[PDB]
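For reference, the structure discussed in these notes is given below.
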Amino acid sequence: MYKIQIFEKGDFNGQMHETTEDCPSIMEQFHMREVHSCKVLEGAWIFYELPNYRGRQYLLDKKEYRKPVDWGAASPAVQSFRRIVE
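Under my numbering, the first residue of the sequence shown is numbered 83, with each subsequent residue one higher.
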């Protein structure tokens, strides 16, 4: 499993990026400073505020997230993410 789409803007607008693997730094990889919305097409993920899986964490397991408040965040600051492997 594991498939996720991240967007530059809220409600699924803007530049989109689809990935199936962990990302230690969204800026290095996708060249985005913030994540305004996303869709977890398959799997469960952990969103992190800072690169290298650090800072504040958010759980992304639902199908769609239109705005950052939907994953429990007060801002669109997300700089790394990874699949929850059990």
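The beta-carbon is built from N, C-alpha and C at its ideal position, and this holds for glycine as well.
Reduced DSSP secondary structure (H/G/I, E/B, other) of residue i
i	result
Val117	coil
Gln139	strand
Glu110	helix
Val151	helix
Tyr130	strand
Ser157	coil
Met98	strand
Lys85	strand
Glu90	coil
Cβ distance (whole Å) where residue i is taken to contact residue j below 8 Å
i	j	result
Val160	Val117	4 Å
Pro133	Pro106	6 Å
Nearest-angstrom Cα separation, counted from residue j out to residue i
i	j	result
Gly96	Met114	11 Å
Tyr147	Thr102	17 Å
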